[PDB]
Amino acid sequence: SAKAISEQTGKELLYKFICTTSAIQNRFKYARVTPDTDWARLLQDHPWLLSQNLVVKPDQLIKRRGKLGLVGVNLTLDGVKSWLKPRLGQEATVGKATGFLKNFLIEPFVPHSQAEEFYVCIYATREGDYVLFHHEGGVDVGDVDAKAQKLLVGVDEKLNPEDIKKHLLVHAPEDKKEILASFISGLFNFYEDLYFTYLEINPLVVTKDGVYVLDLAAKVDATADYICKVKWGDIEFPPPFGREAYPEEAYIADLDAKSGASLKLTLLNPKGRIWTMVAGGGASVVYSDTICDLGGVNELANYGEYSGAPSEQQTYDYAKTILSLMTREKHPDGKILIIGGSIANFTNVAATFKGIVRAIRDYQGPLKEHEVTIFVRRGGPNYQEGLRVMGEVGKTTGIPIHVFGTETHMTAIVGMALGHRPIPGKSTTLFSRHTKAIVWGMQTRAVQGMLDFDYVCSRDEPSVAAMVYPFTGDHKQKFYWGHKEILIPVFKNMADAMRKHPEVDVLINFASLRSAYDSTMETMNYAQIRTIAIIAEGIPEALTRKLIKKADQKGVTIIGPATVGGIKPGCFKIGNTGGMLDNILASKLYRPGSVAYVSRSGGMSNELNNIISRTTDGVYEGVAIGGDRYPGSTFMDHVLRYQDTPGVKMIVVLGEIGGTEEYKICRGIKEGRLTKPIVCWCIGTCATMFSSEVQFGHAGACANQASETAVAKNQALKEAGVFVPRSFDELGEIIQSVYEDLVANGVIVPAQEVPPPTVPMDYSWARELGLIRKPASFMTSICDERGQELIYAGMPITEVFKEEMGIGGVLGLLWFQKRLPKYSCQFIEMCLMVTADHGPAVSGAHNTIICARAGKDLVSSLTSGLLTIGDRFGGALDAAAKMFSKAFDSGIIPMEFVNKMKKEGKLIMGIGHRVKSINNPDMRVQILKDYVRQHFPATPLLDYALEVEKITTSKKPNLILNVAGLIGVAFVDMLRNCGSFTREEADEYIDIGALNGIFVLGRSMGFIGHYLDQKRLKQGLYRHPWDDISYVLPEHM
Amino acid sequence: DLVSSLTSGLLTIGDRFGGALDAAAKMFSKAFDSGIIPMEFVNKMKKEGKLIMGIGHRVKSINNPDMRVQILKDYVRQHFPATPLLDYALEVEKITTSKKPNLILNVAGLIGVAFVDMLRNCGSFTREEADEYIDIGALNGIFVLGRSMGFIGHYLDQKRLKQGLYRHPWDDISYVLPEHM
Amino acid sequence: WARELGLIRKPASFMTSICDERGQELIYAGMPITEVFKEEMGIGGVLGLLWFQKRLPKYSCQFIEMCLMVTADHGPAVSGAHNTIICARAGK
Ligand SMILES: CC(C)(COP(=O)(O)OP(=O)(O)OC[C@H]1O[C@@H](n2cnc3c(N)ncnc32)[C@H](O)[C@@H]1OP(=O)(O)O)[C@@H](O)C(=O)NCCC(=O)NCCSC(=O)C[C@@](O)(CC(=O)O)C(=O)O
Ligand SMILES: CC(=O)SCCNC(=O)CCNC(=O)[C@H](O)C(C)(C)COP(=O)(O)OP(=O)(O)OC[C@H]1O[C@@H](n2cnc3c(N)ncnc32)[C@H](O)[C@@H]1OP(=O)(O)O
Ligand SMILES: CC(=O)SCCNC(=O)CCNC(=O)[C@H](O)C(C)(C)COP(=O)(O)OP(=O)(O)OC[C@H]1O[C@@H](n2cnc3c(N)ncnc32)[C@H](O)[C@@H]1OP(=O)(O)O
Ligand SMILES: CC(=O)SCCNC(=O)CCNC(=O)[C@H](O)C(C)(C)COP(=O)(O)OP(=O)(O)OC[C@H]1O[C@@H](n2cnc3c(N)ncnc32)[C@H](O)[C@@H]1OP(=O)(O)O
Ligand SMILES: Nc1ncnc2c1ncn2[C@@H]1O[C@H](COP(=O)(O)OP(=O)(O)O)[C@@H](O)[C@H]1O
Ligand SMILES: O=C([O-])CC(=O)C(=O)O
Ligand SMILES: O=C([O-])CC(=O)C(=O)O
C-alpha cells in the first residue's frame, strides 16, 4: 500500500538521509504554518526568515498549485503574512475535490534561471524502477514519457554513475555532469533504502553554490514500516485534499498495523446514513459499487473491510469504533448498517459476529434511539452461529436486524436497504491428483481441510507430505484421512523435509509478512518445488519484486502474496481455499467442471465458486492471485495456462481497479492467442463516483493513470469480444448464458454426478450443534480456568485481591469453597507460619537434604521429603483433631477421657513435649493460643483440650498441649464455630484430611528452603557411615 | 493419600509444565545482562528458533489483559523502587504485540522478571546472590509452593465429591503395537 | 452409539505401542502373554518386549536379567536406600 507523504516529511527525510558528494543546500530549511499556532514561536527558532526572501505554498498533497495560483513567489515575511490571510483557513476547490487549507510551507526563495529547471522522477514498476530526467523541467516540462530520458534499473541492480552520465545526462550542461549525476545516484540510493515507491522532484535547480529542491511528491510503501520505523520516525501520511481525516481512522490504521489481519476504514461522508461491515477488499469494493449503482454514493458514509480472520477483540473494537462514528449525528430517515461479505474461506464467522454482537450490546441505546437498521449477509466457517447470535442480539436489543445466508446473492441486502426490492520455464499444469505439498508453519486446521478435500476427491494419497515449523523439533502430527488416523512428519528445517520427500512439488508458505520473504527465498533454492503459494499480507513491494525476479530466473510459479491460494477440484487445494468441507460439498468442488476462473480477491473466489457451481457444470480450476500491487503470477500466466489446458472450456476473469492487466487480455485475444470463451468483470466502478482518491483494502487497488479505471477496462473488454456483464449482479446470468450457449453446441459434455466419499463429522462440531452426548469423566468445583477471568470457587481473582485476601483467604476458597472471615484467614496463615520448618533433624527435612545433596531437583527433593509426612511424622495434627473431636462429641469429661485412654493403651494425640514443660512453653503454642483467645468467637474444643492438658500436666510437667494438638483443636473450633460451615461440612473436612494438607503446605516452605540451602552451600553426595549401620545379616541363606 | 496425590501432581512440575517461570526469568536476565536492545533480543530469539519464554497468551491479547498480570504489574509499579528488567520485558512485549496481538507478557514471564527485579533491586541481595538464587531454582520453588495449594484443593474436592476410580476410555488411545515381535 | 456407527470423528489424545490390554488375551508388544510364556523367555524377554518392542535373543534377555541381578542392592548406606529406610521407619 503506497501512501503519499507530505512535502515537509519528504524533504526532511531527504535532508537527513541523503548521501551525496554534492553540496546539498538548504538542509532542514523550512517552516510549517498552521492556523492553530502562535507566530513569534515560529520566529525565534527560525532566524533565517528575515535573512533571505521567502516563498509560501500549501503542503496538503496539492498539485498544480502554480497553475491554480495557490503559490506566492518572491514575497517578504510581511508579504507572506499578508498573503496567508485571504487563503489561510479558507475554502478551496482543486479539480473535483474541495477542502480547507490547514497546512502551509515557508522556504527561502532561490534565484534560479529557466536553463537550470530540472525534472527528476523515480517510480517503481514490476520489472524495476524507472528514472525520468528532463533538462527543460518545471512548468514547461510538457510531455514526460516522450521527451524526458528514461532509464530502467532492474531489481537487485545498482545504478552506477556512468550509466546515468551516458543515458541520462545528454542534454544537460557539461560543467555540471559530475555533481548532478552523483546527486542522482545519491537520490537513487535514497529511493530503495527507505522503500520509496514514487519520488518526483520538480523544479530542481543547480547553481555554482549547490543544488536546491523546490517541490517533491513522494509516495512510500507503508507496509515496509517494520523495516524503516527507525528511519521514518513518527512519519505521518496526510489524507487527500478534501478528506478531513479523523482520529478513528488513525485508530483503525494502528489496529491494522498491530496484527497480520487487515482492518481498513475510511470516512467518506460522516453525515451519511449507510455503513458497511463487509469482509475482504474485493467484497468491500463490490458492495461499494452495488451501493453507488442505486444512487447511494452521496449518502455512503464509510468504506471499510476486515480480512485476515480478525479475532474476537479486533472485530469488537472495529465494530465499536464504527458504531460510535454512526452515533454522532441523527438522520431523519434513519441509518443503515450493512454487515456483508463473501463466503469466508477461513475467517471464523462465529468469532467476528460475536464481537459485532458484543459491540451492538454495548451501543444498543444510541442505536435504538438513532433508528438504525441492520442487514446482514454472510457465509463461511461456522456462519450458522454468527447468523443466530445476530438473531438473538437483534431480538433482545430490539434493533431491526435482518440476517440472510448463502442463498442471498450478496447484493440483495443492498437493494433491501435502499428500498429497491422487498425483504423476504513455468509449467502449464501446476496441480494434479498426485501433487504433494509441504506446509510451512503450524496450520493444522488448513492441513486438515486439505486432507478432507483430498479424501472427498478420492485421492490415493494426502496432498500434504510434510510440515515445516522452525520453532519445534522433528516429530509427527496426527491427522485424519477420512476416518482413519495418519501421521504427517513435521521438521524443524526445510532441508530435511526436502531431503526425505523428493516427490514434493508445491510449497504453501504460511509464514508471516516478516518471514515470507526469507522462507520463499530459501525454498526457491530447491529445484523440486515448482509452485509456491504465499499467504502473508503486507509484504513490502520491493521484497515481492525480488521474489518475482528470482522465481522468473528459476522458473517457479508464485501464487501472489496476500491470497487464500487456489483450488483444483478433484486434484488439489491450497490452504483454506473453498471454506470448510461443507462449502466444498455444497459447491460440488470435489469433481472437475469446465469453467476456470482467476480473481484478485480470496473470498470473491469463493463467491465465484458458488456462482459457477449454481449456474454451470462446475469449476475445473480456480486461482486467486492476491490483492498485492505486484502478484507473483499475473492474469497472463493463469489465462495462458487455462488456454493451453484442454480440460477447460470457458474462462472467467474477475479483476479490480488499477493496473493495465486486462488490456493484456484484450491484446492476447486480438491476434487469437485466446480462443476459448472469456467472461471478464472489473470491480471498482464506484471509484469513478467518489470525489477523492480513496485507497481500497487491496494494496494493488490503486489506479495511477486514467486508463486503469474499472469502466475503461470493462468497456475495452466489451469491444475486445469478452462477455462483460452490466454489473456484478448480472455476472451469474451472463455466465449461465455463456455456459448454455457452449453446451448447446456440444463443446461441453457434463459428466454423471458420482457421490463423493463420506467424511465423519467432527466431535467438537457435533457438540457445538448439540447433536451428541458424552458423559464427563471428571468433576471439579474449586477453580474455573476457562472464561475471561480466573475464578477461585466462585470469586474472581480481581475480587480476590480487592477484598484484601491473603494466603489464608485463597486457601479457604480453594479448599473449603467458603468466604472465611478475616480472623480465620489470619489464623490459617499463622498455622502455616508455625509449621513452616522445625529443623533438619526431622525425617522429611533429612530426606529433602539427602535428595538435594544428590543434585537431583527441587521438585524431587521436596517430594522425597514430603513422602515421609504420615502417621509418625506430620500426622499428629489430624490425629489430635480427630481424637479430641471424638472425645468432645462423646460427652465424657476430660478426666474420664484421660483415664479411658490410659486404660486402653493409646497415647493422647497432641499432648507431650520433650524439654519445654512449665515456665517455658513451646512459645509458638502461646502465640496461636493468644490469637485464638483474642479473635475466635467460641472455642469449646480448645477449652476441652486445655482441661485435658491441665489434668495431664499434674502427671508430668512435659505433658502439655503440643503445636500439633493446639493447631488441630483450634482448626476444628474454627471449622465448627464460624458460620461458613455446618457440623457435617466440618466433620467431612476433618475426616478427609484438611489438617494433613495444612501441615504439608506449611512444611513445604521449610523443605524448599532446605533444598535451596543445600544447593547454596554446594554439598556433595551423602553416604551413611558404616559404623552406624550395624549389619545383622544371617549366616547363610 | 493427600501426600501421595499432591506428590504425583507435583512430579509433573518441570520444563514443559510450570517451568516457564524460571525459564522466562533466566532468558530475560541473560538478555538484559548481554546489553542487547529488546528488538535485537527478539530477532536473536527468532533466528535461533526459540520462542520467547513468558510471552504469549491464548485468548487475552489487548483491551482484555490477563486480569492477574495487571494486578502484579500495578503492584510492582506502585511499590518496587526500580524495575529495569520489567521495563525491558515490557519493551519486548510491545514488540511481540506489534507482531501478534496475543503475544503479551504471561503471568509466568511477569512473575519471573518482577521476581528478578525484587531480588537484585533491593538492598538485601548483591548481584551474585540474586544470580545464584535464580540459578538454583527459587522460582521453581515459588511455583511449586503456589500450585501445592491448588493441588491440595483438588484432592479435597475429589474426596468430598467421592469420585470413583478413573479408567481412561479405550477410544481415546491409539494402539500402534507392532504386528508380531 | 455415534462412534460405533461412524457418524462422528474424535481424535485420540494418547498413543501406545507396548501393551494391548483389550481383547481376548493380553499382548506384550505384538506377542500374546501365552506365547510369551511358550518360548520360555523370562524377565529379560518381557523387559525387552515392553521397552524395545523387540524379540531379543536368549543371551540378551539373560544378560538383562543378570544386569538386574547385580544392581539389585548395594547396601543401605547409599542415598536411595537411606531414604527408603527413613521413610519406612516413619511407618508411611
Ligand atoms: C500468515 C498467517 C496464516 C499466520 O500468521 P500469524 O501472524 O497469525 O502467526 P505467526 O506465523 O506465528 O506470526 C506471529 C509471530 O509471533 C511469533 N511468536 C509466536 N509465539 C511467540 C512467542 N511465544 N514468543 C515470541 N514470539 C512468538 C511467531 O514466531 C511470528 O514471528 P514472525 O515470523 O517474525 O512474524 C495469518 O497472518 C493470515 O492468515 N493472514 C491472512 C492474509 C491473507 O491471505 N489475506 C487474503 C486471504 S482471503 C480473506 O481472508 C478474506 C475473507 O474474509 C473473505 C470474506 O470473508 O469475504 C476470507 O477469510 O476468506
Ligand atoms: C508435631 C508435634 O508437635 S509432635 C506431636 C506428637 N504427638 C504426640 O504427643 C504423640 C504422643 N506423645 C508423644 O509421643 C510426646 O510427643 C512425647 C514424645 C513427649 C512422649 O515421649 P516420651 O519420651 O515417652 O515422653 P515421657 O518419657 O515424658 O513419657 C513418659 C510417660 O508419659 C506417657 N505419655 C507420653 N506421651 C503421652 C501422650 N501424648 N498422652 C498420654 N500419655 C503420654 C507415656 O505413656 C509414658 O508412660 P510411663 O509413665 O509409663 O513412662
Ligand atoms: C555404580 C558404580 O559402580 S559407582 C560408579 C561411579 N562412577 C565412576 O566410576 C566415575 C568415577 N568414579 C569415582 O568417582 C571413583 O573412582 C570412585 C568413587 C568409584 C572410587 O572411590 P574413591 O573416589 O576412592 O572414594 P571411596 O568411594 O573410595 O571413599 C573413600 C573411602 O570411604 C570408604 N567408604 C565408602 N562408603 C562408605 C560408607 N557408606 N561409610 C563409611 N565409609 C565408606 C571406602 O571404603 C573408601 O575407602 P578407601 O579410600 O580406603 O578405598
Ligand atoms: C488384577 C485384577 O485382576 S483386578 C482384581 C480385582 N478384584 C476385585 O476387586 C474383586 C471384586 N470384583 C470386582 O470388583 C469386579 O468383579 C471386577 C472389577 C473385578 C470385574 O469388573 P466389572 O465390575 O465387570 O467392571 P469392568 O472392569 O468389566 O468394567 C466395566 C466395563 O467397562 C469396560 N472397560 C474397561 N476398561 C475400559 C476403558 N479403559 N475404556 C473403556 N471401557 C472400558 C469393560 O469392557 C467392561 O465391559 P464388559 O463387561 O462388557 O467387558
Ligand atoms: N524556492 C523557490 N524559489 C523560486 N521559485 C519557487 C520556489 N519554490 C517554488 N517556486 C515556484 O513554484 C513553481 C512550481 O510549481 P509546480 O511544482 O508546477 O506546482 P505543483 O507542485 O503543484 O505541480 C515554479 O514555477 C517556481 O517558480
Ligand atoms: O517437625 C515438626 O513440626 C516437629 C515434630 O514433628 C517433632 O516433634 O519432632
Ligand atoms: O554399585 C551400585 O550398584 C550403586 C551403588 O550403590 C553405589 O556404589 O553408590
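Here is the naming used below: chain letters follow the sequence lines, and residue numbers restart at 1 for every chain.
Residues B:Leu110 and B:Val107 are not in side-chain contact: their nearest non-hydrogen atoms beyond the backbone lie 4.5 Å or more apart. Side chains of C:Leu47 and C:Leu68 form a contact here, defined as non-hydrogen atoms less than 4.5 Å apart.
For B:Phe28 and B:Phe41, the distance between ring centers is under 6.0 angstrom.
Listed by chain and residue number, nothing satisfies the ring-ring contact (aromatic ring centres under 6.0 Å, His included) test with B:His154 (two or more places apart in sequence, or in another chain). By the salt bridge (charged side-chain N to carboxylate O under 4.0 Å, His left out) test, C:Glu25 is found to be paired with no residue, residues two or more places apart in sequence or in another chain being considered. Remark: C:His74 engages no residue in a ring-ring contact (aromatic ring centres under 6.0 Å, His included) (not counting sequence neighbours).
If you measure heavy-atom distances from B:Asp1 to chain C, the contacts under 4.5 Å come from the side chain alone.
Inspection of non-hydrogen atoms places C:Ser13, C:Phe14, C:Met15, C:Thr16, C:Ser17, C:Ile18, C:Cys19, C:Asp20, C:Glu21, C:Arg22 of residues 13-23 of chain C under 4.5 Å from chain B.
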